[PDB]
Amino acid sequence: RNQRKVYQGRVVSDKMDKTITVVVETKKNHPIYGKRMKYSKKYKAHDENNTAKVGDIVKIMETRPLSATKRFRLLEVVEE
Amino acid sequence: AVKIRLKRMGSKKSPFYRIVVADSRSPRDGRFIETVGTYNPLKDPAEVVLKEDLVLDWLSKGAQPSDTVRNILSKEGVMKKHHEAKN
Amino acid sequence: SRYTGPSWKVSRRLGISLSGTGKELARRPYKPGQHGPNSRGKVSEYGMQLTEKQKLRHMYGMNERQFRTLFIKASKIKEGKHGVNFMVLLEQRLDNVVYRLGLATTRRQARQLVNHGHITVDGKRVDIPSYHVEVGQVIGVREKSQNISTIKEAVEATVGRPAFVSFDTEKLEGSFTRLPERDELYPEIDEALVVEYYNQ
Amino acid sequence: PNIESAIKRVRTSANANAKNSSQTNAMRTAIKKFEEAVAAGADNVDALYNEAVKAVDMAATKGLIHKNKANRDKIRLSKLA
Amino acid sequence: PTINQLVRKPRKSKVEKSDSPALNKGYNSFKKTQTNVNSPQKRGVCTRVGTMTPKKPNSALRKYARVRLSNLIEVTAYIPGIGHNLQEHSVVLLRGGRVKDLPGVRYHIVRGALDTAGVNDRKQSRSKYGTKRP
RNA sequence: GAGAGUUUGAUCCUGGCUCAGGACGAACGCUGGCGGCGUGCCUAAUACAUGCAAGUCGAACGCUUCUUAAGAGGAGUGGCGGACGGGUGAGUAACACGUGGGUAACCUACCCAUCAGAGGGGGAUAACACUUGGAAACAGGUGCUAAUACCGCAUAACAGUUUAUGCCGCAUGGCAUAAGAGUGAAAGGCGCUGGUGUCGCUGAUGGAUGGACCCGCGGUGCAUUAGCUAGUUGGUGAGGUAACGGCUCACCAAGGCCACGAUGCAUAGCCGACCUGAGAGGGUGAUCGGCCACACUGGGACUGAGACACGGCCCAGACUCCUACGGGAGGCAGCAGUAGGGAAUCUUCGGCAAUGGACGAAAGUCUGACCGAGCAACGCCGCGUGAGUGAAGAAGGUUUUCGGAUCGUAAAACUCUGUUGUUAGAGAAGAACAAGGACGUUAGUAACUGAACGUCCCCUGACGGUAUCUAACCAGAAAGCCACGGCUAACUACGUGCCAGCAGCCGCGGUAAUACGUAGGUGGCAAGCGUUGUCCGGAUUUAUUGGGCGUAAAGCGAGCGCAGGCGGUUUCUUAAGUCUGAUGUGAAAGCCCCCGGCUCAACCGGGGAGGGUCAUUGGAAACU
Ligand SMILES: [K+]
Ligand SMILES: [K+]
Ligand SMILES: [K+]
Ligand SMILES: [K+]
Ligand SMILES: [K+]
Ligand SMILES: [K+]
Ligand SMILES: [K+]
Ligand SMILES: [K+]
Ligand SMILES: [K+]
Ligand SMILES: [K+]
Ligand SMILES: [K+]
Ligand SMILES: [K+]
Ligand SMILES: [K+]
Ligand SMILES: [K+]
Ligand SMILES: [K+]
Ligand SMILES: [Mg+2]
Ligand SMILES: [Mg+2]
Ligand SMILES: [Mg+2]
Ligand SMILES: [Mg+2]
Ligand SMILES: [Mg+2]
Ligand SMILES: [Mg+2]
Ligand SMILES: [Mg+2]
Ligand SMILES: [Mg+2]
Ligand SMILES: [Mg+2]
Ligand SMILES: [Mg+2]
Ligand SMILES: [Mg+2]
Ligand SMILES: [Mg+2]
């Protein structure tokens, strides 16, 4: 069965109920000068019971749109 | 519907054709699903190069040849093979 | 287009005998014009390169645009010296093939024959003097045209066939056995200068 | 219109719209009667339930509403009943 | 510059500007605005025809015309050749090209185009100056 | 991966400017013979006369007019098509596009295949008949009339849903089985012999095709644009949608985006590709292909499988037209064409013969798609405008140091050729077909016709008597453009006298100008040449590849410092970056490589290769 994209990140916002904001924190080479630059992409993931807190390392799997911005589902809380 | 038909190529007054699978709505020389053969009427015995397996698979899937392609496939015996497969 | 003016004047400007006889240079071997007989100042490097390029294209009676395209074809060839390959292609040109076989006294005459269709390749009419003749192809005179004083005199007069051509008089049919060699070509013409010119 | 076929389609589409709106309003009235009866706690609730389902299916036929639309409506009615 | 500085403020090449800007802008009467169109020549009307004095090395009466182009820009153009038939209200065609002698002349009036008559008695380089082969 | 000219009395350096190369949907100037292929409103998404660009079906249905009962017409209703094909790029900085994925949140007429059904009735209404209003457009009234038009009833739950099991995934959940409750359909036509072939009709499923949505990443300028947001961010319910979802609504909270550039402003369709470059890159987004958006401006919905519909509807707006002044009508960014704007872009052409498309059982009708032809040297390619012989070198031009030199074997003269040109004859491929007529095999039948398949006969070309071939006659009809001071290949004479004028840069002309004008010569290219305009190069002149800052331009007057950038040695560990194996994909056409076809070439065709800072998966752990 086809697999949905899963991302590892760190929670940065949980004041919203049933949901969290996760950050991916990748690095990419600058297209012109090749220097490695800190690239931050953040997703809004759905938390069923508000289990995850701020500054937690979690995994999220892409899902059908759950709200205006939600597109991901919380899977695990790797660190607190 | 899905059609097997002749997409014209070549130059002015020097036609050439690619036998391609295309949706009937698509433009003649525009979007097409897949190419399956060639056809050059300018040769006395019209030269035909064909992917018989691809043609048979599409015919089973329901592709409808045009009139000229029907003649081409008859001369190549693909129509007879499809008839036998239907039986 | 095709040049049709004087031939001696072109040859003496180039300083070499296009016909190979030296007849043009025999008398008044100066550059053409009222400033010919008196000495002239030394030429620059660009002038030297231009003069060699003009030598080749006037030898083979070609226009600059077609000449440049042919030079690029020689470049695309991988093996051997670029200039040598370019000269070899120039020879393979149909006009020069007829001329080497000797069916015509001059390349102009050979070009007119080919253009009027008196020449055939493997028995098939070919009116294109630019036609590229490959090794082994049989060049022959059209049957209707074989009995013309022009080619008759040219064939009987022509005595020396280059080693790379094989010719038959009765059939009036010749063919390149092999590609010409550097020495077999004109050694006066320096192909390296032409290569540099088009290298720009 | 500038095309005879265009004029013909205007007439036919007008007639079809009249019929479709009429039948769709019939289905809506059936559902409306059932819902009001459910709120009132009447006695013919079951009869109205069957009639509402019947109207929804008959509307699905004739192409008034898509099949998914009809299925959702029937699910809604069943949960109400 | 450091690579980090380049990332923070990348290189930006100078912007080049045409030597004949008047030809690079059209006009739209409806919107009454200027468009960005690259044109080889442009038509105009002579608002004034006269003579001008060259810069220091040279001395002559260089013949010029002040022309309002089809895009409503007024420019100064030179009239090449010997003698001309241009008067004010004359419709002319302008091509690019500076006149080193004159201070603010950047355009030439094409001879033999529109009201500009070719140069009489011209016999060499006739294509320039727009005279028929006699 | 070539440089050259120019700052100075001369030199080195720095530095700008200019040139040598290539390209065009080009324009202009002079000139101009032909053929092949291609290209041709770049500006006003400005306004449009006129003609055409979407119809089809009588084997769905009832009428109606003529031809010696026929076929040919006419309008009806009804089915399908009209959402394709064609045009433009205005808008859009956005999941629009490109690329890579996801949908267990989706729909899909026509097409293929499978499983079922196809029973019974009923009321209409156009057409038509009259009849009111009117120029017509068209509006009505009454009275009939058929259907594959419409509606009920009957049966069909395999659909969906609920429960119980069984299996399974990625959270919601997916699949299979069984049961259960509520309901849902249809249409007949043609042809053979109540049965039946075939085209249709209805329910369900799968396939194919097309569409829908979500997501990672990528591709503009401006900070002399820093805050933006309030259905806004999330939740709970409800409604809605094919479908998930603030998509909508009511409540609950106060969240959400932002220097990793939000917001605002300006500009822009995106891409395959194309030009240039050694490459990195820079520029462009014509033609051709994909996607997107738009159809006089704005809004709305109807019909439909599919539209919020270029040649449909309603409303509003701007504009235009016809009127009998009562009332009506329209949208070329479809093909031509007109006006206007502009430097600047074509015929108001032939045909459905070929390919494709709509309808039809089919003949066939329609098809400004498309095939052709026309116009433009606009571009690329090809061939010419003659060939051989031909003088110590005719005359005439130019110049002479008056001997001569040069134009010049050039001409003349003689001998040839006919590509082309003209005249005549001969003359295609592109045509495969379909239908129709013969037969024959499979599956089906009780049997047929018929279905599918196969072999024969027959049938049809706008281009077009076109290309092409043959024969005869004539060197006769067919060469211009720019340049010649250095850069840069090409030099003399007059005329001129800082005047006239030239000039890409340096710079020429003031009475002995190779730089101006003319003439004679010469050089470059050639049916072209030259100028202008624009893009890349040279330009290391924004230097990531690949520059600099003591005096040439360039170190803030100095410090304290948040953010950010960078960071000493080492053990273990992780794998974000990093490297790598395998796999999928990066369409076709186009570049490039091979191989064929056009007499060659352009061009065309066949087969490859390449193209990603692509994605999935499997590895390594030196460096960060
Ligand atoms: K109809
Ligand atoms: K100087
Ligand atoms: K310099
Ligand atoms: K339709
Ligand atoms: K995407
Ligand atoms: K909600
Ligand atoms: K646009
Ligand atoms: K619009
Ligand atoms: K339409
Ligand atoms: K056709
Ligand atoms: K028509
Ligand atoms: K010069
Ligand atoms: K650098
Ligand atoms: K200091
Ligand atoms: K790693
Ligand atoms: Mg044939
Ligand atoms: Mg040419
Ligand atoms: Mg336009
Ligand atoms: Mg725009
Ligand atoms: Mg019906
Ligand atoms: Mg470079
Ligand atoms: Mg229209
Ligand atoms: Mg001929
Ligand atoms: Mg020189
Ligand atoms: Mg001069
Ligand atoms: Mg550069
Ligand atoms: Mg300084």
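Residue numbers count from 1 along every chain, following the sequence as written rather than necessarily the entry numbering; any residue without coordinates is not displayed. For naming, the first written chain is A and the first written ligand is 1, with later ones following in the order written. Any value mentioned applies to the visible chains, which represent part of a larger assembly rather than the whole. Computation of side-chain values covers all heavy atoms of the structure but excludes hydrogens and water.

- Method of structure determination, per the deposited record: cryo-EM was used for this entry, reaching 2.9 Å resolution.

### Remarks on the sheet that holds strand β5 (residues 64-65) of chain B
All names here are of chain B.
Then, in step 1: Sheet architecture is open: 5 strands sit in the order β4-β3-β2-β1-β5, paired in mixed fashion. Looking at the sheet topology across the chains shown, the edges are occupied by β4 (47-50) and β5.
Then, in step 2: DSSP bridges decide pairing: two strands pair if at least two such bridges lie between them. In this text, helices come from DSSP runs of H or I with a minimum length of four residues, and strands from runs of E with a minimum of two, each type numbered from the N-terminal end. Note that strand β1 (residues 2-11) and strand β2 (residues 14-23) share 10 bridges and pair antiparallel. Pairing of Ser-11 across the sheet is with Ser-14, part of β2.

### Looking at helix α2 (residues 67-75) of chain B
Residues and elements named next belong to chain B.
Then, in step 1: Note on classification: 1.4 Å probe, protein chains only; a residue is buried when its accessible area is under 20% of the maximum for its type, exposed when over 50%, partly exposed between these limits. All buried positions along α2 are accounted for by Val-69, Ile-72 and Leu-73. All buried residues of α2 fall inside an arc of 95° around its axis, so they share one side. Seen from the open side of α2, the exposed residues pointing more than 90 degrees away from its buried face are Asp-67 and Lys-75.
Then, in step 2: The first or second residue beyond α2 is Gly-77, which carries a positive phi of 80°. Each direction from the helix axis to a C-beta atom contributes to the arc, which is the arc of those directions.

### Brief notes about a positive patch on the surface
Then, in step 1: Exposure above 30% relative accessible area and the lack of any salt bridge qualify a residue for a patch; like charges then connect within 9 Å, and the nonpolar side chains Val, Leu, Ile, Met, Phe, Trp and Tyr within 5 Å. Per-residue and other accessible areas were derived by the Shrake-Rupley procedure at a 1.4 Å probe size, with only the shown protein chains allowed to occlude residues. Should a side-chain nitrogen of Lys or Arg be within 4 Å of a carboxyl oxygen of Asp or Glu, the pair is scored as a salt bridge. Positive charges come from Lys and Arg, negative ones from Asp and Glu, while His and the chain ends are left out of the count. The location of each charge is read from NZ of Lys, CZ of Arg, CG of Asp or CD of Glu. A cluster of like positive charges, contributed by E:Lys17, E:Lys55, E:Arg98, E:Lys100 and E:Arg106, occupies part of the molecular surface.
Then, in step 2: Looking at the secondary structure, you find E:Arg106 in the loop between β6 (91-96) and β7 (107-109).

### Re the side chain of A:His30
Then, in step 1: With respect to the helices and strands, the residue A:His30 is situated in the loop between β3 (26-29) and β4 (36-39).
Then, in step 2: On the accessibility criterion, A:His30 (13% relative accessible area) is buried.
Then, in step 3: What qualifies as a polar contact is a pair of N or O atoms within 3.5 Å, subject to a donor-acceptor requirement within protein and to the restriction that residues adjacent in sequence count only when both atoms come from side chains. Side-chain polar atoms of A:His30 contact the backbone nitrogen of A:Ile32, separated by 3.0 Å.
Then, in step 4: In this structure A:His30 touches A:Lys35, A:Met37 and E:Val7, once residues within four positions along its chain are discounted. A contact between two residues is defined here by any heavy atoms of the two lying within 4.5 Å.

### Overview of the sheet that holds strand β1 (residues 6-13) of chain A
Residues and elements named next belong to chain A.
Then, in step 1: Read around the closed barrel, 5 strands run β1-β2-β5-β7-β6, paired in mixed fashion. Averaged over all adjacent pairs, the angle separating strand axes in this sheet is 50°, with direction ignored.
Then, in step 2: Judged from the 5 bridges that link them, strand β2 (residues 19-23) and strand β5 (residues 42-46) form a sheet pairing that is antiparallel. Pairing of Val-23 across the sheet is with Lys-42, part of β5. To obtain each axis, a line is fitted to C-alpha atoms, and for helices this fit is confined to the stretch in contact; angles are then taken between N-to-C directions over 0 to 180 degrees.

### Details of the protein's contact with RNA strand F
Then, in step 1: A cutoff of 4 Å decides nearness: a residue is near a molecule or strand if any of its heavy atoms lies inside that distance of it. Around RNA strand F there are 227 residues in total, and A:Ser13, A:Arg36, B:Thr68, C:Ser1 and E:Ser125 lie nearest to it.
Then, in step 2: Counting only the atoms of RNA strand F within 4 Å of the protein, the fraction contributed by sugar and phosphate is 77%.
Then, in step 3: Between RNA strand F and C:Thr106, the relevant distance is 2.5 Å, taken from a phosphate oxygen to a side-chain nitrogen or oxygen of the residue.
Then, in step 4: The greatest single-element share of the surface near RNA strand F, amounting to 13 residues, is contributed by helix α1 (residues 4-40) of chain D.
Then, in step 5: Residues of the surface near RNA strand F, tallied by class, amount to 59 nonpolar, 80 polar and 88 charged. Just so you know the grouping, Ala, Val, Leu, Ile, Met, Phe, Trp, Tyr, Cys and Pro go in nonpolar, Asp, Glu, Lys and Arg go in charged, and all remaining residues, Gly too, go in polar.

### Focus on the UniProt feature "domain: Small ribosomal subunit protein uS4 N-terminal" (unreviewed entry) in chain C
Then, in step 1: Under the UniProt annotation, "domain: Small ribosomal subunit protein uS4 N-terminal" (unreviewed entry) lies at residues 2-91 of chain C.
Then, in step 2: Span residues 2-91 of chain C is 56% helix and 0% strand, its end C-alpha atoms 18 Å apart. UniProt positions are given in the numbering used here, feature names are shortened, and annotations may be inferred rather than shown by experiment.

### Details of the arrangement of the chains
Then, in step 1: The closest approach of any C-alpha atom in chain A to one in chain B is 24 Å; the two make no contact.
Then, in step 2: Over all C-alpha pairs, chain C and chain E never come within contact, reaching a minimum spacing of 20 Å.

### Here's the deal with the UniProt feature "domain: RNA-binding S4" (unreviewed entry) in chain C
Then, in step 1: Taking the numbering used here, the UniProt-annotated feature "domain: RNA-binding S4" (unreviewed entry) corresponds to residues 92-156 of chain C.
Then, in step 2: Its end C-alpha atoms 23 Å apart, residues 92-156 of chain C is made of 42% helix and 12% strand.

### Focus on the interface of chain E and chain A
Then, in step 1: Residue-level contacts link 6 residues of chain E with 4 residues of chain A.
Then, in step 2: When two parts are brought into contact, each loses some accessible area as probed by a 1.4 Å sphere; the total of that loss over both is the buried area. When residues of chain E are sorted by the area they lose upon contact with chain A, E:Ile3, E:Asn4 and E:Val7 head the list and together hold 75% of the total.
Then, in step 3: Across the contact surface, chain E and chain A share 0 salt bridges.
Then, in step 4: Our count for the contact surface shared by chain E and chain A stands at 2 residue pairs in polar contact.
Then, in step 5: Here the residues of the side of chain E that touches chain A are counted per class, giving 4 nonpolar, 1 polar and 1 charged.

### Comments concerning the packing of helix α6 (residues 94-101) of chain C against helix α7 (residues 107-116) of chain C
Residues and elements named next belong to chain C.
Then, in step 1: Following both chains from N to C, one finds α6 and α7 inclined at 115°, their axes separated by 8 Å at the closest point. Remark: the crossing between α6 and α7 carries right-handed chirality. Facing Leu-94, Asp-95, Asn-96, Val-98, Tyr-99 and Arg-100 of α6, the residues of α7 in contact are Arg-107, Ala-110, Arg-111 and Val-114.
Then, in step 2: For the contact of α6 with α7, a count of residues per class yields 5 nonpolar, 1 polar and 4 charged. The sense of a crossing depends on the near helix, which, turned anticlockwise from the far helix by less than a right angle, makes the crossing left-handed and, turned clockwise, makes it right-handed.

### Observations concerning unusual backbone geometry
Then, in step 1: The backbone phi angle of C:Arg28 is positive, close to 60°, even though this residue is not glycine.
Then, in step 2: Take C:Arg28: it is sitting in the loop between α2 (23-26) and α3 (45-59).
Then, in step 3: Phi at E:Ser125 is positive, roughly 60°, even though this residue is not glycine.
Then, in step 4: Within the secondary structure layout, E:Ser125 lies in the segment after β7.

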